[PDB]
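Colleague: Sequence plus experimental coordinates follow:
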Amino acid sequence: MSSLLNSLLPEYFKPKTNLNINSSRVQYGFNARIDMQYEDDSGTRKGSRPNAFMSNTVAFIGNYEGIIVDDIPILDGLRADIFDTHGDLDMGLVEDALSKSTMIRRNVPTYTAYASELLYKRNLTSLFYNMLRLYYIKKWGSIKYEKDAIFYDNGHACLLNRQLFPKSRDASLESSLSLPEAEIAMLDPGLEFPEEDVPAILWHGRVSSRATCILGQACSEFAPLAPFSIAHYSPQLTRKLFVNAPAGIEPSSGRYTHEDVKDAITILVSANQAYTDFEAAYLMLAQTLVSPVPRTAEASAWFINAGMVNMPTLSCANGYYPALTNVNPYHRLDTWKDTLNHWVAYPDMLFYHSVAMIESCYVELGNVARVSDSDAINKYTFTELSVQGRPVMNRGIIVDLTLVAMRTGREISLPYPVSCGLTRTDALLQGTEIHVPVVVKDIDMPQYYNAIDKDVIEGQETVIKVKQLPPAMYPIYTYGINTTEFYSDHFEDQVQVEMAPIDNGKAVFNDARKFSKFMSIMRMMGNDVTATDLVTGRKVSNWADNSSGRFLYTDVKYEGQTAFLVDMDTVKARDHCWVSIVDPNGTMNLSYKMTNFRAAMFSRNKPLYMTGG
Amino acid sequence: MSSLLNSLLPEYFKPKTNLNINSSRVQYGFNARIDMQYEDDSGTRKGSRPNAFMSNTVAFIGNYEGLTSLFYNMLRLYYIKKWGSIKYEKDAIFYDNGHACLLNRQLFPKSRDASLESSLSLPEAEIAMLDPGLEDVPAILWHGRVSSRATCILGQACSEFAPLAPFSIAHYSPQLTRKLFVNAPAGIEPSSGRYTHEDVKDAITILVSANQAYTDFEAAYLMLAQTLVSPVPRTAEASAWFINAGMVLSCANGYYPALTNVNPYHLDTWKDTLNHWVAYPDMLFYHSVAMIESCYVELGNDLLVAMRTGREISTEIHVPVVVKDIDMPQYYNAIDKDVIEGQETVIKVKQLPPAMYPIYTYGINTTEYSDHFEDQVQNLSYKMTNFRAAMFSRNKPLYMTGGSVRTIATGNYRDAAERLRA
Amino acid sequence: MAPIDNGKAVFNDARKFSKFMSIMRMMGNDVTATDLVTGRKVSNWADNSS
């Protein structure tokens, strides 16, 4: 659905058609003007950063694995005459329709008997999904993946691509896949009895030399070398595929450009009258196009084990019954062609729709992981109460759309309750410890991170124990539309730290809420604060990120009693465009204001500009 | 966006069509009249400055690195041919106060002496014909037969730009494409080799009309307004901006011409920017000066223009310097505290000073710059009247030629009933 | 003063020069001005009583 994914984009964001991606990493964000202020008994110290960049790093890598599952049939496309008043295939009008057609008279009785099974095999979502992936593989084919590259680095802990993805050879996206071609046979109209477990599709005129090569590779096994997101592992959809084209199928060309795949899709949707099937395939790819680079080192727990993609079995019986498809189809919603028409016009807009969906999900799974099991709407039972339909199983797109509904705070409506796509909530529902690997840089690491060893020499491969999952992304596109006090994504905010002159700079934060806001605003002002917990004896640093530049409370990496000693004569000025706290006395009052917003994107440490219409 | 950048010019100034630029440096300002009145404890004194010239200096020198991208290069080819007699000398002055001096050897190493036409030697990309029947190469529509001259322009527009002299409209750009299909019913002619600046206008006007790429042109027009000219710094410290080099094609109309028909989807003022350029090409110079002034003024405190006008639009740096007088270390924050006339030293810049003073945007909104018309400083009370724009080029007056610019502009509605806000 | 000036201020008026130099001494700051015409120097710390 192009419509609901379009509304997620910000108001200030004015997108153009073409986006020239030339790398496997993009820093999308915005430039804002922050007017910071520090008030005290001595006096006020004002600062102003005219261009402050808040970013979320998004990559084209992510381990996924496809499995063939059984899903509901999509009945949109068939002629409106055969349907009854309620909206189900009234068999008796089918026998009437086949009799008054251009069919062979000896086949009518034998074909009508099979109709009861074959007419309820209508799901082309798997074919459109694979054909969409072939379009983007050939378009952005020049992107590279290096084996010994930096997946994450925060100074203390480093995580390489070798650690997360073993069995991985370095290669370009174009050179990753070597797809073998499936047989595309021509359907004989004078066949005695239809062959079930072999799908037959319709076509307009002659199947071109390039269309054979595309359909051949779409219905085949994806066995990748490099762990790319649009070239993940998928099983063999089918062995043979019939095509009811009176004009003969030309033999396989071998080569094809990305423009020839658009030609193949537009003919297939038009002939078969399968627009709702395409809408399902569009939302499936929107989830699994780009995966987020983790915000913190301990936020890599989401991407350790491979999340399963639910691809519905390829099943189509239009080739055997050409009469039942015509120019007057049955459809539920009137705006049923809108998703295809949007893709044909603006193909590259899917990148913006993809980041909008994953940013909406991973933000909400951040503040869903921080609720106790003893509650009404909790970790296990947040999907059931929200869903007001009849899906086969609460997985795939249903779990991702219900998280978007919670974020925006609106009612999302689909025509068919289809349950296909990636399932994200895997590591959450397990509710166990996850062991993420890390290579150390400094020697004073295991004070900050909950490491397995207490003394570790530099260049050693260690393990961090992550219990509660921290947020993987910070809200940027959904900034101050449905604000919560956890993220604290306000335009205006203030904090009042109360100290007396008798105290020699040392302040104890009994409250957890205002400790988070103090540590966050001090980082906007470019000050490196290092607090120490009095009960446990661990340490936390506000500089635990190089993208957003905010401090979330999950950076403590421990749930206990709140007694944070901060010494305010060890505050160090780190960044440029900063206000100085030389020597405070009395009550401190910090405050900021974000005034205007301008969309900005970065790639290879250079500006990435939007071009076209 | 013509109507946006046209608004930035002052209400009194209305420039003429043509402007014969014959140098790499242009002063622009106004001749105002100041009526001062002084009062203190000793007594009162009244005077009057009859003619006072307040001006900035803007140049065609700026180190930069690289269907909107195609129109961008086609526009750059137009101005290379038109103003293709501007000389860049390597051992010339960039800034000169009296104590310090910056040469063009410094700020621009890896440069030689060349004219603007002699800077680029562009190769030609293959312009092939798309035969109808074929079932990372763009295809564009065309009206009738592709002319012998039109081939050479499209060929050079797609090719790599590799300059010798640092010029603003000849900056380094990567190769757009290798091939470019043209769905022309009549076959294309082979490339001639030579073309006039007038022939590039004919190429742009046809390419936009056929493809209906009016909004793509508007993007390229604004994109060139930033690059076209660069500021000459106000003081020696304001050279810190221009040390590090600032960083600056797909179409499927040829394949599927059914998608582009007689009823296109569009603002109702979506053909104004092209209609403005095709009528008055030399007006871009004034729009460019207006834009780069607004940006570099507000950075002292791109679409910075909103912060300037106040309307809704829809590490220490090591500057290399030359010592002219022996007493230089007293004024500038120099590394070597003892110097000799001729020595090349380096000065330190921590906070970036303003590169330009408000001239066109003088008194539209006054900050405490203190660019008032009337002000009482505490006692000095002055009044500014009788503004008249004047431009100087190569220490002589540069006069505007041609006729008076008549307004072209379309209303918010043609025959549209309801404003579907969108 | 403007940011273009690197701390250096010239007092054309004699009245406000006297008030600046006096209030800076209440604040406990040792200012040393130099006359541009003659080339002599004046210090605000020229008394230990008032």
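Modeller: Now that the structure is in, tell me what you want to look at. Residues are numbered from 1 along each chain as shown, chains lettered A, B, ... in the order given.
Colleague: Just give the number of residues close to residue A:607.
Modeller: 11 (other C-beta atoms under 10 Å in any protein chain shown). Placement of C-beta: from N, CA and C, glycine included.
Colleague: same question but for residue A:95, I mixed them up
Modeller: Using other C-beta under 10 Å, residue A:95 is surrounded by 15 other residues.
Colleague: mind checking the backbone torsions on it?
Modeller: phi -60, psi -40 (degrees, to the nearest 10).
Colleague: what sits against it?
Modeller: Contact analysis of residue A:95 by C-beta atoms under 8 Å, 6 or more residues apart in numbering or on different chains lists A:112, A:115.
Colleague: how close does it get to residue A:103?
Modeller: 11 Å (C-beta to C-beta, to the nearest Å).
Colleague: and if you look at residue A:342?
Modeller: Plainly put, residue A:342 is 37 Å away from residue A:103 if you go by C-beta to C-beta.
Colleague: Between the two, which is the more surrounded one?
Modeller: Between residue A:342 and residue A:103, residue A:342 has the larger neighbour count (other C-beta under 10 Å), namely 19 against 16.
Colleague: which residues touch that one?
Modeller: By C-beta under 8 Å, 6+ apart, the contact set of residue A:342 is A:2, A:349.
Colleague: and it, which of the three is it?
Modeller: Following DSSP: H, G, I helix; E, B strand; the rest coil, we place residue A:342 in the helix state.
Colleague: same deal with residue A:428?
Modeller: helix.
Colleague: residues touching it, list them.
Modeller: Counting by C-beta under 8 Å, 6+ apart, residue A:428 has contacts A:365, A:368, A:369, A:379, A:469.
Colleague: change it to 7 Å
Modeller: The contact partners of residue A:428, by C-beta atoms under 7 Å, 6 or more residues apart in numbering or on different chains, come to A:365, A:369, A:379, A:469.
Colleague: cool, and residue A:488?
Modeller: A:517, A:520.
Colleague: For it, give its distance to chain C.
Modeller: 34 Å (C-beta to the nearest C-beta, to the nearest Å).
Colleague: Within the helices and strands, which one has that residue?
Modeller: Counting by DSSP states H and E, no helix or strand carries residue A:488.
Colleague: Report the separation between residue A:390 and chain B.
Modeller: Residue A:390 is 36 Å from chain B, by C-beta to the nearest C-beta.
Colleague: Equivalent analysis for residue A:51, please.
Modeller: Distance from residue A:51 to chain B, by C-beta to the nearest C-beta: 10 Å.
Colleague: My read is that that residue contacts residue A:30, right?
Modeller: No: Residue A:51 is beyond contact range of residue A:30, at 10.4 Å (criterion: C-beta atoms under 7 Å).
Colleague: who's more crowded, those two?
Modeller: Legend: neighbour count by other C-beta under 10 Å for residue A:51 and residue A:30, higher for residue A:30 (21 against 13).
Colleague: Number of residues surrounding the closest residue to residue A:42 other than its chain neighbours?
Modeller: Computed as C-beta to C-beta, 6 or more residues apart in numbering or on different chains, the closest residue to residue A:42 that is not its neighbour in sequence is residue A:585, at 6.2 Å. Look at residue A:585: counted by other C-beta under 10 Å, it has 13 neighbours.
Colleague: contacting residues around residue A:585?
Modeller: A:41, A:42, A:501.
Colleague: What is the nearest of the contacts of residue A:428 to residue A:316?
Modeller: Nearest to residue A:316 among the contacts of residue A:428 is residue A:365, at 35.6 Å by C-beta to C-beta.
Colleague: What's the separation between that closest one and chain B?
Modeller: Look at residue A:365 and chain B: by C-beta to the nearest C-beta, they are 33 Å apart.
Colleague: Please consider this matter closed, and thank you.
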